[PDB]
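Q: I would like to see how this sequence folds:
(10 chains, ligands or ions: 2)
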Amino acid sequence: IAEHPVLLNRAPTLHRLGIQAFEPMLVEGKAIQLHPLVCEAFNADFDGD
Amino acid sequence: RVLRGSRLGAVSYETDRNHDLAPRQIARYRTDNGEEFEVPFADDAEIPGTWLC
Amino acid sequence: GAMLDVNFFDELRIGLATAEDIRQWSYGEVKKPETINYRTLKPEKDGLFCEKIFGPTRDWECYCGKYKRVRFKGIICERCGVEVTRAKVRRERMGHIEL
Amino acid sequence: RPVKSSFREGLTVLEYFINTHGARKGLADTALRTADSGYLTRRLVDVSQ
Amino acid sequence: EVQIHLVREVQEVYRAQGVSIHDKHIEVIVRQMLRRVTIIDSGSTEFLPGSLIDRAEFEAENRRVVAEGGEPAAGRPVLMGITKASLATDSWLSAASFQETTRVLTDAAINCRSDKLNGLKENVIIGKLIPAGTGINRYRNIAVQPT
Amino acid sequence: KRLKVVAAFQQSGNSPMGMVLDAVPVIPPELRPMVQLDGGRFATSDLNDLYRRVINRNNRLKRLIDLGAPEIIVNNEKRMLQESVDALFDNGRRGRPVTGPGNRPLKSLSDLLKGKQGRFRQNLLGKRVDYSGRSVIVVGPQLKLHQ
Amino acid sequence: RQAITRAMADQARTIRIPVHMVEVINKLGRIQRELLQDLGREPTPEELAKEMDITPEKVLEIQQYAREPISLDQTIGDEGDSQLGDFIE
Amino acid sequence: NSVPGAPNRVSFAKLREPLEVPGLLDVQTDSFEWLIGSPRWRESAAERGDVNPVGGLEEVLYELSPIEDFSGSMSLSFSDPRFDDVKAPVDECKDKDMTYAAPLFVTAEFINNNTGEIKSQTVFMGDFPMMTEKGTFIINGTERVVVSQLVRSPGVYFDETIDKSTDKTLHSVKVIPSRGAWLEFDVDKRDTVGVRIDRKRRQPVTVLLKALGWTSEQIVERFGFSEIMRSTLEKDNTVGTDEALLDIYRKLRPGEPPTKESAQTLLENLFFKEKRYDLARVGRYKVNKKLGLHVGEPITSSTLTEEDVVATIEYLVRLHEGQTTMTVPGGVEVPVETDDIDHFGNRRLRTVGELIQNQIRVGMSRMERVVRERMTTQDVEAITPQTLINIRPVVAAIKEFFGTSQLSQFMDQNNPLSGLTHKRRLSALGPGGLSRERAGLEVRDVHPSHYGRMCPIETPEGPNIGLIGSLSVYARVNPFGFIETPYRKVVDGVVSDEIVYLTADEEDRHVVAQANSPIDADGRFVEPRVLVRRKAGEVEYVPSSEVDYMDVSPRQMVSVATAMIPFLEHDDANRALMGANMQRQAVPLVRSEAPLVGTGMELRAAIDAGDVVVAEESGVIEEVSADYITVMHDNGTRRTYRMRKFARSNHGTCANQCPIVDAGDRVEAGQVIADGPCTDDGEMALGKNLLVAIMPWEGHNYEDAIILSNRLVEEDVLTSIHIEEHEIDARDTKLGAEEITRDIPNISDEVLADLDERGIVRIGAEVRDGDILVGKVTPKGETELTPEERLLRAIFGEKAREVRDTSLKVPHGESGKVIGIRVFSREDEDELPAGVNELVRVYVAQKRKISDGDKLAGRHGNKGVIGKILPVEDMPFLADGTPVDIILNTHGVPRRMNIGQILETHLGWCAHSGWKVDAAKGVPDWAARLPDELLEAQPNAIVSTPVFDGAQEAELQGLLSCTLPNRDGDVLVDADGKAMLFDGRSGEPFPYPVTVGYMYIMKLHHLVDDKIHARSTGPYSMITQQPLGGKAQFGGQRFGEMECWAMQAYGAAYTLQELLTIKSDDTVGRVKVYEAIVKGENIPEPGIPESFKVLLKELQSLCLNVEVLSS
DNA sequence: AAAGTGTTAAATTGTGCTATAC
DNA sequence: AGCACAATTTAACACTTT
Ligand SMILES: [Mg+2]
Ligand SMILES: [Zn+2]
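A: Numbering: from 1, shown residues only, chains lettered A, B, ... in the order given. Ligands and ions are numbered 1, 2, ... in the order given. The relevant structure is shown in the block below.
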């Protein structure tokens, strides 16, 4: 998994910044941990998206 | 639930080939409105007189 | 120009199809309103699923079962009329009805 | 009329029932507006690709 | 002046709610509206009156017309919406995938209209590389060797 | 308006004789399959009924002509044949649509291409992909920006 | 009447059944409805074979012939974007 | 109050209420026992009017009888529909998968006229599905709920439009029946009339009026004012009866030979013969009340009479003149005004019984034209009716309604609240109603007539706002289908107690005061002017003599789920909507603690929802155990109540049911005797009480996320039990029979360790993703092996084993224990469908903890997923060392306008620790209007703030200043409500105080384990070879259109080409990429997508010569 | 003066579209 | 359901016979 980027996407994809590549790192649990600064670009809030 | 289905048939796994195949001969039939149709056949095969083209 | 259409695309032209073009694509005339058998669940002859016209249901086997291997390919079984070939050409051969 | 109470003092029955009018009309307009905007984005992408 | 009017009347609506969009995007959209002319008099070169032709092809057929008898086709510029311009495009495969698939497919077939696959909506359909970004020739025909 | 279609049939190598039909092509049977669901159930793909009705009324016309018939029965049969082929190509356009069991209209060949369900906006412009997943998101305030 | 009933035997099902099997299917259905009206309940296979002078192993085999194909192109849930063919592996 | 075993929950209510909350499930059950004709309804109809009450089934039989043919010599009559007893009991119906039913008996009677016959036979009509005690039906074992429907009532609707061309007003009418033809009387742009009948293009009035048989003097005589009518009588040109009849026939058919049958019988066969036009018993009330016809008459004639028709035209001609009143010959005068199509006096409610009645009517009408069909082909003397009757269409229509409809839905049960509010739901969509995309903005908004009938707050959030609502608390449904609402009438400024149930029509004729008005001990208002609601919805301020009605209570406008929010009037309506919609999605926990601060609606929404075992008659508990409670009544006999333990709900949640009485207790009638899923001591308990701080902590509670403590995982505070059901069936195939056995084709002996000797697993065996549950093996008939596999069989010596292996394995991502196995077999006479030898279901339990990604929510619309679960050592603790349990964010409070979640945070602290208002020298000024026994309270006391009459803002500030010390004398929370927290992670205190308190939070059913999906390679589709969709299959995430636009705008050509070819459609590229990845080579170039070659075939099958050219 | 008779405008019908993912 | 738009009619007109 090291240095193998993944594309993250959130519908609706309003502008071209709604698809962004990150590098991954294994995290215990079953929820994707998003960085708290890209949430403006995705327009994501953490109430169940 | 998932409900798998199949059109009745099979998929075989012989890797394809293109050099040794039993040999064939070509017949030619002629319909009523002057058309010509070429049909391959095996060599050990009785070539019939009439064919539904 | 390229009926197999494998990676060489320069244009793609549309147009009206004359009746000489429809009986040139086709591999035979379907003349019965039958789809499939009710007992043997095999496609009937000269119907909407007929092997003879559209292709073999099983890979490299004819209808009667006389030819069943890849050593015979391209040939047509003289007793049933089904060309022994792959079996996924049933999703690409056409057929026509004469009005 | 209008509503002379605040949300810290709490509203009365009639002022709350009056307020529900605009508070539901805004939600219905939000749904229909985000329905209409995607059609405009689609036409704008298609005319200018 | 119609460019000034369209840019100002769009940017007024976008400024009244506190949204900053630079004018070059609205100019890119507006440029795709004024691309065509309508025909007044046909001259004698294959142009039906009242038809909307591209400005470059019109000036090409008015360039050729000084040879073989001078009668220039006369046409005024037109301004048309995004649906009307998006539907009246060269590609027949890109216009059928958008709106009115039956009535686009049925008059592409009468005209025997061909496609050339140059936009990035038909290369998406047929599975080819789009002609933008790393898909154009000068970027994907790079040869790499060690110094 | 008439010069448009007359010049379309005049300019190219087209001919209007392709507007009336004499042979009807039949889509290959793997695009209108008959799938045996488990439990011994069968599912047909709704184009088989229209093809069956076309070849049914065609066989009945071919029998009525050889048998010798008055003009009323033959004209009624030809009108039924015309309505069957029109129901095959584009259902629900002229007259009332052909329904199956449940008073739902059958899906013709034209209904495979139109709409936001057509082959065009459903299976050509956007597809489902392998090697993908989805999940809920929570906040990650110790990560770097690229992680 | 013979022409109409023979046409309804021949060209009314997507899987074509011969007219003797359509005859025994009509006879089985009529006898089933009559015994239902006499009994006020649904009859049984071994009960149905008693009326029709056959084996009960024949009755369910006859009943598993008259099942008509369910159309692949109908919407299945209330969310109308899905059809049946999008759920068959 | 007035419940014998209730917990003593003190109330902050400053008012008393005259009318108590009704039997909340009376919208469902009272409409079914009208359809049956139970003696309860037979009494209760006579108890309020209704001189001759007729049942739901009697209304169909009395309008079908008598069956008479054209011969007129034989008649068939149905009468007296009675019911037999139920065949199976309730719980057994849910066990063996049979539906709750009862046989129907109807006395038939055949009378021949030529000789005289009376053989009146008793005919079994069918097995009619019965409604249970809780207002649910049981269909095929499962439990369904029939939902009410909102439709416009059939009648005469007037309207007025303004066209911008000539700037005048056009008044139109619409006479819309049920099952008939339409007719409108418009007024056109040029001065004319609009008499388009059955939607055909035009007519003038005088064509229809002289077609009706009216001379040209009477048109000028009755329509004498009528400046437009004589104008049309000049410009019409058609004179006579026949000359208009040919015009009507030629415009209506069109183009048919005019006869003398089609002249005088067509008009009487479209609006006057009661088989093609019948506006129902509602519509004949509406026209009689609108036009002011013979109201002093109990008319039952559902056909359009002629007189009303011409009265309609007069109404229109007095509307486009400027008028207020109109008197018709022989009736009372009426106001002249346009009607609203979305008023609640024009929007009736087809309840549960009327939908059943419509299905029975449309089934009997198929049954009707078989009877007179065999009234001719049979020979009399004698045909009993029985020969005559064939009940097969009626049972087919009933069975086709109860399943396969959109108005008979699966019961929404994952708590008692969603079960209660799935009934009492008023939906506008469905068959005969409007659509979801063809619905405008007019029906979605709240009309001002919704007060007391539909809740403005509770409605769905998606694309269904306004289309689905729920009934109020005190509402009630009229016999016609309108919605009533109680009011207290006030005479001479003195409020009496004569409670009148008004409808939405006659509410506007009076004026209605406000409930929180200062009544002074007799009925007199204190202030001389009262707040009041006028006719059009206006909010006036009127002196206290014109007031003639008052509300029976506050919270009257609000539903059942909305009335369980403390401090409702401090939240915005969007957040109150979300709070009412997030209470019916909470899961049942394993402990279910009652709320520390609530409203008064918890105790009544639990004993009426039916998920609580209630003692029937007053007895004394003889024997209690976790399965059963045998009580001994005062008169002889005993009664045993059987608790349902660990039953699966419809949505996977648990339905545990435990007693709360000991083995010597004395009970009373109606007393709660066993708790339910989400109940505690008989009242609703959806979540738990948790200590909350409102500080933002280190960016883990960032933008609506919630962080928790680890105490809730260690002590099982938010642990739920989820039960899944897996089903398999061995059928008869064309090659033999599928067998359920341990003998499985080629597989290890390690994966057969839990299966017993007859297939299925053992109860108690722990399974995981991939384990075999039911060992099932199907015959395969024949196929021939590859040469490599035939060599591999000959080496190791293993047979071919021609039977397949289709076992039942658990789906991907699930695990848990095994509760129960239910197996039905053909060999043991069980009821299974045709060609099914065996049918086995296996239930799997799973005890889910709380985890990050799960969705919690409060009562006030606040919500958010868990982003972090801190250990108990690094968590902000108080001065006691008590750590807090959740940490909510600050920045979500002020901008969402739901600060009621702060107020219950404050009161929840007081109710945690208890107050003592020291009135040692006098009661203080804030507590002047408090009740007694709120002056002091022991710790952990449950209080109750009702909805619009609760704790004021000036009394929370008083109770916060006396907040009795914990164990040592130590006040942990000062007067502002904030406390001084230490830092659990660094140690030093936070520099400023922080609001702490006790919030009531609920664990929603949006868990992470149901949402996470991944796919490398799975099943592909049939026609086009794209992957499937959804977690039930494997399915891939849809890379649609806007994602393609984003990747094109990036400039990434290769990722787009990879996502669109070798991941979806390139059929030879798919396995080539997999081979190249496994062997470790480079990914090959993509080919052509196999969904494009399908398009060329569907274009060539449209007769289009699509050809691809090279260069 | 009637009676058509063809050319020119308001009424009149039909076609197409209406967000995104689970 | 509506919003737009382009194709296809009642009717409104002067012009020319009768
Ligand atoms: Mg959100
Ligand atoms: Zn053969």
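
Q: When you work out contacts or count neighbours from here on, use the C-alpha atoms and nothing else.
A: Noted.

Q: mind listing what residue 34 touches?
A: The chain I'm using is chain A. Contact partners of residue A:34, counting by C-alpha atoms under 8 Å, 6 or more residues apart in numbering or on different chains, are F:137, F:138, F:139, F:140.

Q: my bad, chain E
A: E:77, E:78, E:79, E:80.

Q: State the distance from it to chain G.
A: Going from residue E:34 to chain G by C-alpha to the nearest C-alpha, to the nearest Å gives 38 Å.

Q: Check residue H:180 too.
A: Note on residue H:180: its distance to chain G, by C-alpha to the nearest C-alpha, is 29 Å.

Q: what's across from the residue of chain F found nearest ligand 1 in the sheet?
A: At 10.5 Å from ligand 1, residue F:137 is the closest residue in chain F, using C-alpha to the ion. On the basis of DSSP bridges, residue F:137 is bridged to residue A:32.

Q: burial measure for the residue lying closest to residue F:25 once chain neighbours are set aside, as a count.
A: Leaving aside its sequence neighbours, residue F:25 sits nearest to residue C:96 (C-alpha to C-alpha, 6 or more residues apart in numbering or on different chains; 4.2 Å). By other C-alpha atoms under 10 Å in any protein chain shown, 22 other residues sit near residue C:96.

Q: now residue H:300
A: With other C-alpha under 10 Å as criterion, residue H:300 counts 10.

Q: May I ask you to confirm that it is in contact with residue H:281?
A: Yes. The criterion here is C-alpha atoms under 8 Å, and residue H:300 meets it with residue H:281 at 7.0 Å.

Q: Nearest the geometric middle of chain A, what residue?
A: Chain A has residue A:8 as the residue nearest its centroid, 4.6 Å off, counting by C-alpha atoms, centre = their mean.

Q: Just the buried residues of the helix or strand hosting it, please?
A: Remark: residue A:8 resides in strand A:6-9, with elements defined by DSSP states H and E. Judged by neighbour count using 16 or more other C-alpha atoms under 10 Å in any protein chain shown, the buried positions of strand A:6-9 are A:8, A:9.

Q: List the strands paired with that strand, with their directions.
A: Paired strands of strand A:6-9, defined by DSSP bridges, are strand A:19-22 (antiparallel).

Q: close to DNA strand I, is the strand it pairs with?
A: No. Using C-alpha under 7 Å from any atom of the strand, strand A:19-22 never reaches DNA strand I; the gap is at least 13.6 Å.

Q: Buried residues, that strand. List them.
A: A:19, A:20, A:22.

Q: Now the first one. Nearest residue, chain neighbours left out?
A: Leaving aside its chain neighbours, residue A:19 sits nearest to residue A:9 (4.6 Å; criterion: C-alpha to C-alpha, 6+ apart).

Q: separation between the closest residue to residue H:533 other than its chain neighbours and residue H:935?
A: Spatial nearest neighbour of residue H:533, excluding adjacent residues (C-alpha to C-alpha, 6+ apart): residue H:539 at 4.9 Å. Counting by C-alpha to C-alpha, to the nearest Å, the separation of residue H:539 from residue H:935 is 37 Å.

Q: how long is stretch H:610-618 end to end?
A: 19 Å.

Q: For chain E, give the residue positioned nearest to chain B.
A: Nearest residue of chain E to chain B: residue E:127, at 26.3 Å (C-alpha to the nearest C-alpha).

Q: residues contacting the residue nearest the centre of chain G?
A: Closest to where the C-alpha atoms of chain G average out (C-alpha atoms, centre = their mean) is residue G:66, at 3.0 Å. By C-alpha under 8 Å, 6+ apart, the contact set of residue G:66 is residue G:25.

Q: Likewise for the one 5 residues further on?
A: For residue G:71, the contacting residues are F:43, F:44, F:45, F:46, by C-alpha under 8 Å, 6+ apart.

Q: Can you get me a residue count around residue 14?
A: You didn't pick a chain, so chain A it is. By the criterion of other C-alpha under 10 Å, residue A:14 has 18 neighbours.

Q: wrong chain, I was asking about chain H
A: For residue H:14, the count of nearby residues is 13 (other C-alpha under 10 Å).

Q: next one: residue E:78
A: Residues near residue E:78, counting by other C-alpha under 10 Å: 13.

Q: Which strand or helix spans the spatially closest residue to it that is not a sequence neighbour?
A: With sequence-adjacent residues excluded and distances taken as C-alpha to C-alpha, 6+ apart, residue E:78 is closest to residue E:37, at 5.4 Å. Following DSSP H and E, one finds residue E:37 within strand E:36-41.

Q: Parallel or antiparallel, which strands does that strand pair with?
A: Strand E:36-41 is paired, per DSSP bridges, with strand E:52-54 (antiparallel), strand E:74-78 (antiparallel).

Q: chain center to that strand: distance?
A: On the basis of C-alpha atoms, centre = their mean, to the nearest Å, strand E:36-41 sits 16 Å off its chain's mean C-alpha point.

Q: How about that strand, which residues are buried there?
A: With burial defined by 16+ other C-alpha under 10 Å, the residues of strand E:36-41 counted as buried are E:36, E:37, E:38, E:39.

Q: which among these gets closest to ligand 1?
A: Distances from ligand 1 to the buried residues of strand E:36-41, taken by C-alpha to the ion, are shortest for residue E:36, at 44.8 Å.

Q: residues in contact with the nearest residue to that closest one once chain neighbours are set aside?
A: Excluding its sequence neighbours, the residue lying closest to residue E:36 (C-alpha to C-alpha, 6+ apart) is residue E:54, at 4.5 Å. Residue E:54 makes contacts with E:35, E:36, E:37, as judged by C-alpha under 8 Å, 6+ apart.
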